[PDB]
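Presented as structure tokens, the chain that follows is alone, the form deposited in one PDB entry.
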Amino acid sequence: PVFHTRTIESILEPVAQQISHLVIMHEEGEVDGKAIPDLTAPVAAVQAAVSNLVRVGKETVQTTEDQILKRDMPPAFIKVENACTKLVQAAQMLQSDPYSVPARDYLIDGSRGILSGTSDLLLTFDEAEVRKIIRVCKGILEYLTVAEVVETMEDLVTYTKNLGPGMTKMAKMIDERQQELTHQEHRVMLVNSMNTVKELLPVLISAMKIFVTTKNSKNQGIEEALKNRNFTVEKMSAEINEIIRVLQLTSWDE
């Protein structure tokens, strides 16, 4: 029942807590002597919020290029719409009989269905966001493979002018993503991996400076420079691939 991110948690955790509070008072098929007041107007507001959520969702499916969104968002629309129909029915049943036991069951089932379908849409949305972050990580991995072909100081200046701000963007993205995660062990892994990558960048540029300046020399320390460059690229690449793996981790809850 734990939520994947702090954004999802703030939206859904209060709804889950309130359903569990209602369940205390009403087990399936349980009778009580408390008249439920007319729920027509609060349910109509849920109905308006549902149709609006489905409208936004459908606009994404119609315009997106993400095949996973096109596949996973439409079943969640059906979930939320079916669940909303149970709440409309519960309100109609309670209007004629405020003690209606089947209406109390429809309230719990309807509410659970809204929460479950909203959870599905939000997790699907979050998974698409993670794919965008991974694309940025892979872009850095690809340009790191270009380091081996840099052979002049002019080309090194060009290389650092693209890689420097590019790395700053990746660092900012991982920082915001780790902050949103609810699993502490996953946050630590991302922070440490991203810190190792940040520290290795000036190490890489230093090795490239020595490589380029000792390239065509007999007594030269090119060998040590080329070795330090390839080793730094390998270590940076393994840590970014660790970030990509951590970014896709899911815990046993639930």
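Don't overthink the numbering: it's just position in the shown sequence, from 1.
> Among the other entries of this protein that model both neighbours of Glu30, is it absent from at least a third?
Other entries vs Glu30: at least a third skip it.
> Quick check: 120 to 128 versus 175 to 183, which has the larger average CA B-factor in the record?
It is 175 to 183 that shows the higher mean C-alpha B-factor.
> Taking only the CA atoms, which stretch has the higher mean B-factor in the record, 69 to 77 or 95 to 103?
Taking the mean B-factor of the alpha carbons in each, 69 to 77 is higher.
> In the PDB entry, which of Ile222, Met208, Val43, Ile36 has its C-alpha at the highest B-factor?
Among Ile222, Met208, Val43, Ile36, the PDB entry lists the largest C-alpha B-factor for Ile222.
> Split into thirds by Cα B-factor across the chain's modelled residues, where does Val50 land: lowest, middle or highest?
Ranked within chain, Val50 CA B lands in the middle tercile.
> Which third, lowest, middle or highest, does the C-alpha temperature factor of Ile240 belong to within its own chain?
Middle third - that is where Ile240 ends up once the chain's C-alpha B-factors are sorted.
> Based on the deposited C-alpha B factors for this chain, I'd like to know if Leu201 is in the lowest, middle or highest third.
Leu201: CA B-factor falls in the middle third of its chain.
> Taking the entry's C-alpha B-factors for this chain, is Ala16 in the lowest, middle or highest third?
Lowest third, going by the recorded CA B-factors of the chain.
> With respect to C-alpha B-factor, does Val191 fall in the lowest, middle or highest third of the chain as deposited?
Highest third - that is where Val191 ends up once the chain's C-alpha B-factors are sorted.
Here the subject shifts to the form deposited in another entry, a form of this protein not shown in this document.
> At the hinge of the rigid-body rearrangement between the shown form and the other one: which of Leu123, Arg187, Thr232, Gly164?
In this comparison, the hinge residue comes out as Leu123.
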